[PDB]
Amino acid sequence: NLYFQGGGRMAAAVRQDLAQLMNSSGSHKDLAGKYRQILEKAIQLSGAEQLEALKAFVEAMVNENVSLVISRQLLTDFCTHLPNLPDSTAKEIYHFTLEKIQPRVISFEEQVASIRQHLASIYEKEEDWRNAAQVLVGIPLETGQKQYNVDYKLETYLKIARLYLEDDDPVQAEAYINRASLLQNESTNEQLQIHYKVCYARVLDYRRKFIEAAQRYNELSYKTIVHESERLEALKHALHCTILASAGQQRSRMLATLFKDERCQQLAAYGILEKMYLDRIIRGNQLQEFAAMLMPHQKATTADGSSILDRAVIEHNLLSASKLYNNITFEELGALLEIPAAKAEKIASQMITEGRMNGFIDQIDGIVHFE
């Protein structure tokens, strides 16, 4: 380590063999064949020797004295061997290769894209979601000289959006699914368009845009090209989103759509659907099993311990009470809803200001007047 600072002998032979070919006058197939023989030699090495030789190969190829016709072909050939290597080795070589290509990145755009797709796949396999997404975001889909086909761009934005959802970053996921939305209609790949629709619905769900997600999931449930088991899974997602949605006209219209769909009787949450659709006041105990039916992100709680479902039930209960009574004190309204009177007033006041409940509040006497 300290006094003998040079590299491995076999990596030195590779570096040497490549330096000798740099200004060769030989024909393309002969010259490319000699570079390929050196690549096969470098690939047959086993550890630090292999890593060093493969780096010497990339460094020789990016050299401006090697014609692009050769370097593009051999860098493509080089890339085909890297997925067969251990992930830690392939990762190091992919990053090294992107770094060494950077000064001539416009000339090697095809190779950069291939490397970024393979490198992102390693980060994905290791659940390093943010690094995987960033690697794909670095592919120049619109800033390069290559005119990428629509489906390549759509597949890449969908992958980025899915990776950001895995990273619990729905705002970034939405930013990229929105770029995919501009392409999806120009695509002729129906399965990819359905994958896009599913991702878009998931992104809306993660963003707590529950009624928008419910509508998209419901529409997926109607697609006869989708297997029956997955149409029922889409319907279940639509139902859960509708229950979690903020109380009002759009939500009540979706509850009516779902209640009229006979398939909802195959879902465990049918009982809750019926009660919500009928504008019933829902008790805490009636939703414990439903709360256990939810996805992790749908169970988020604030510092006070309040969950998404807790707040949705309070809004639903307040709107339902507004249809039963002409007026009521907050003490009674709180006692009927099993919440403090101050919370009943605060949420009722918000729904009135937002236009979701018609009526007015008498703050001194603590009474809400409906209609």
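Position 1 is the first residue in the sequence shown; the rest follow in order.
Checked against the record, the higher mean CA B factor of 353-361 and 12-20 lies with 12-20. Legend: mean Cα B-factor per stretch from the PDB entry, 122-130 versus 170-178; the higher mean is in 122-130. The entry lists C-alpha B-factors for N218, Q288, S114, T257, and the highest of these is at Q288. In the PDB entry, the Cα temperature factor peaks, among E230, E190, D87, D151, at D87. When all modelled residues of the chain are sorted by CA temperature factor, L163 is found within the lowest third. Compared with the other modelled residues of the chain, the Cα B-factor recorded for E315 ranks in the lowest third. When the modelled residues of the chain are ordered by C-alpha B-factor, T143 sits in the highest third. Looking at the C-alpha B-factors along this chain, the one for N185 belongs to the highest third. Looking at the C-alpha B-factors along this chain, the one for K299 belongs to the middle third.
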